[PDB]
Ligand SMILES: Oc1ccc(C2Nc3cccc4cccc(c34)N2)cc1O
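One chain comes next, on its own, written out as C-alpha cells in the form solved without the named molecule.
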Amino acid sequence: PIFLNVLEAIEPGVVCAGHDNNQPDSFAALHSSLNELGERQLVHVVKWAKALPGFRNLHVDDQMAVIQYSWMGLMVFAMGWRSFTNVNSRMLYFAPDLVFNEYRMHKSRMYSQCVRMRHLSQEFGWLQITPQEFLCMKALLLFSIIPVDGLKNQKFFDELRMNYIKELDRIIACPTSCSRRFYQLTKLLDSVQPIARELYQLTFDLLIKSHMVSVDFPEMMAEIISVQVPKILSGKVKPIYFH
C-alpha cells in the first residue's frame, strides 16, 4: 500500500495556536490567535504538500499557487477531522489550546461560519469516514482550485489530479456499494469549497478592517490574503467541482 503509507507518513502532527486561555474571550484576542494558528499551519501545509507523490512534477510557480489557493479548505477539512475525533462535533477543535465553545463562536463574530464548520465535522461521523478516506480526500483538496486561465503546466496538473482521483477510487474499492461511496465522498469534497469561500471573504474583510486600525496580521497570512485571496474573491481563481 505505497500510496497510503506515504500519506500516513507525512500527515502533520499537533500544532498549537499559542493562545492564552486565561485572557477574556474578546473578538481581538480570538482572532489574534486564529491568525497565528493559520501562520503556523501554513508552514506545515507547505512541507506536507512538497512531500506528496508527484507534487514536485508541477512547475515551481504552480506548486506555490496551488498551496496559496487551497490552504483554507485543507485547514478547515483537517480541523473538522480533529473536532470529530476529539470533541465529537459540538465544539470546534482548532488546536489543543484553542477550542471554540458556543460563547467563543459568538464573540469571534464568526458564529454562522462555525455552524457550517461544525456540520462538516459531523459529516465524518454521519458517513463513517475512515482515516484512509480522510487522508486521500484531503490530498485531493490540494488539487481542487486553480486559475481560470490555467497553471503554467496545466497538463501535468490535470494528470496529477486524475491520479489522486484514482487513488480515492482504489481505497473505496479495497460495485454498487463502491459507486454510492464515491458519490458520497465527492459530494463531501464539493461541500468544502463554499465553506472555504465564506472564510476567504471573512478573512479578507478582517484584514482590511485591521489595516485601517493599524493591527497587522502575521507576515505570510497578510501577503497571501492580500495577493492571492482576492483572485478567488474576484473569480480569477475557481474551485474544481465534481458535480
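One-based numbering along the sequence shown.
Going from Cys174 to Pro175, you skip over 4 to 9 residues of the deposited sequence that the entry leaves unmodelled. Stretches compared: 44 to 52, 211 to 219. Higher mean C-alpha B-factor in the entry: 211 to 219. Taking only CA atoms, the mean B-factor in the PDB entry is higher for 82 to 90 than for the other of 114 to 122 and 82 to 90. For the set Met137, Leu127, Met72, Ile145, the PDB entry puts the maximum C-alpha B factor at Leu127. Ranked within its chain, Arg104 lands in the middle third, by CA B factor from the PDB record. The deposited CA B-factor of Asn57 belongs to the highest third of values across its chain. In the deposited entry, the Cα temperature factor of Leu185 places it in the middle third of its chain's modelled residues. Per the deposited record, the Cα B-factor of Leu202 falls in the lowest third when ranked against the other modelled residues of its chain. In the PDB entry, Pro12 places in the middle third of its chain by CA B-factor.
What follows is about the form deposited with the named molecule bound, which we do not show.
Site status: open, since the named molecule, placed by superposing the C-alphas around its site in the deposited complex, has no atom within 2.4 Å of backbone or C-beta atoms. Although the partner is absent here, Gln193 lies well away from the named molecule in the deposited complex, with no heavy atom inside 4.5 Å. The shortest heavy atom separation between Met220 and the named molecule in the deposited complex is within 4.5 Å. Proximity of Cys174 to the named molecule in the deposited complex falls outside the 4.5 Å heavy atom cutoff. At the 4.5 Å threshold, heavy atoms of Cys178 stay clear of the named molecule in the deposited complex, well away from it. Remark: none of the three candidate residues (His19, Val87 and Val99) comes within 4.5 Å of the named molecule in the deposited complex, counting heavy atoms only.
Residues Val46, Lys50, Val60, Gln63, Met64, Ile67, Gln68 of 46 to 76 are found to place at least one heavy atom within 4.5 Å of the named molecule in the deposited complex.
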